[PDB]
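**Student:** Residue numbers (the deposited numbering): 29 to 83, 86 to 145, 145A to 145D, 146 to 238, 240 to 252, 254 to 293.
We put the CB at the ideal spot given by N, CA and C, even for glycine.
Let me begin by handing over the structure; questions about it come next.
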């Protein structure tokens, strides 16, 4: 009856909702529109940081990147304050994850190198983790703005969940680089009203949000039960029926997470 409750959420919030929680040794996968495409929005920033960590030695985190005011695009709570000084790769990773900083993301994409300002290389990184579905095609902010139906800049709840599973719980990264990525997601400042809000306080939650036009609101998380049992949770939503100006509904994400927690308890 989990499906009926996710469907009732779609009607309550006038939204399309996508959910995936991978199977574990004791629980079945939870899936709802898990194979439908949704815009990444900022959720891509979490595997982006993984890609940067993966392709360089740790000493690369201290390499300083300089940029100008013309480089500052989209939401940039952090980068604007370090134009004069530049920011290291490590600081950029911190900003991209914990504050969803779009200029930081663009600079990290450029750091991956190659055509499309790093987007082809980013998609290549996802392929190395077995994700054949997702693709990133534009940088911030254009990537939040593709029309419904465009496959560009999309993933599926299923695909992004399996990526996050390998990065945080699996062996995609060595322990030291894995801990840095985990720690930035643990100290995220943007997801209090989403997956975190849907889980009781005694469950640990690390996450990365995404927000966009056409009422787009996403959150991808790893959670741990009060006795330390981990699950990966991907929730994505949009409201295409309202057109470009449709409002994202964070509450819908929090309610879907509560339905999930009830099944995981």
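#1: Quick one, which of 49, 52, 131 has its alpha-carbon nearest residue 73's?
#2: Indicate the three-state DSSP secondary structure (helix, strand or coil) for residue 14 in the structure shown.
#3: Which same chain residues end up closer than 7 Å to residue 124 when comparing Cβ atoms and leaving out the 5 residues on each side of it in sequence?
#4: Would you call residue 88 buried or exposed, if buried means 16 or more other Cβ atoms sit within 10 Å of its Cβ?
#5: Taking the DSSP output, what are the residues bridged to residue 67?
#6: For residue 102, which of 94, 114, 92, 75 has the nearest alpha-carbon?
#7: If you drop the 5 nearest sequence neighbours on each side, which residues of the same chain put their C-beta closer than 6 Å to that of residue 158?
#8: Within a Cβ cutoff of 8 Å, which residues of the same chain sit near residue 95, ignoring the five residues on either side of it in sequence?
#9: Would you kindly check if the distance between the Cβ of residue 185 and the Cβ of residue 192 is under 7 Å?
#10: As a quick exercise: from 162, 79, 35, pick the residue whose alpha carbon is nearest that of residue 59.
#11: Three or more beta-carbon pairs under 8 Å between the stretch 175 to 185 and the stretch 211 to 229, yes or no?
#12: Please say whether residue 219 and residue 278 have beta carbons closer to each other than 7 Å?
#13: Tell whether a beta-carbon distance below 7 Å holds between residue 71 and residue 236.
#14: Less than 7 Å between C-beta atoms, sequence neighbours within five positions excluded: which residues of the same chain meet that for residue 240?
#15: Quick one: is residue 39 buried, meaning 16 or more other Cβ sit within 10 Å of its Cβ, or exposed?
#16: Anyone know if the C-beta pair for residue 261 and residue 291 falls short of 7 Å?
#17: Measuring CA to CA, which of 41, 286, 247, 146 is closest to residue 295?
#18: Measuring straight from C-alpha to C-alpha, what distance separates residue 127 and residue 135?
#19: At what residues does the beta strand (DSSP E) containing residue 231 begin and finish?
#20: According to DSSP, what are the bridge partners of residue 224?
**Tutor:** Put simply:
#1: For the residues 49, 52, 131, the minimum Cα distance to residue 73 belongs to 131.
#2: Residue coverage of the chain in this structure runs from 29 to 293, which leaves residue 14 outside it and unanswerable.
#3: 210
#4: exposed
#5: Answer is 180, bridged to residue 67.
#6: 114
#7: none
#8: Short of 8 Å from the beta carbon of residue 95, and not among the five residues preceding or following it, lie these beta carbons of its own chain, in chain order: 116, 117, 118, 119, 122, 137, 141.
#9: no
#10: 35
#11: no
#12: Contact check for residue 278 against residue 219 passes: the beta carbons are separated by less than 7 Å.
#13: yes
#14: Taking residue 240 as the centre and dropping the five residues before and after it, the same chain places the C-beta of 170, 171, 272 closer than 7 Å to its C-beta, in chain order.
#15: exposed
#16: no
#17: As shown, the chain starts at 29 and ends at 293. That puts residue 295 outside it, with no answer to give.
#18: 9 Å
#19: 230 to 238
#20: DSSP, once it has assigned bridges, lists no residue as partnering residue 224.
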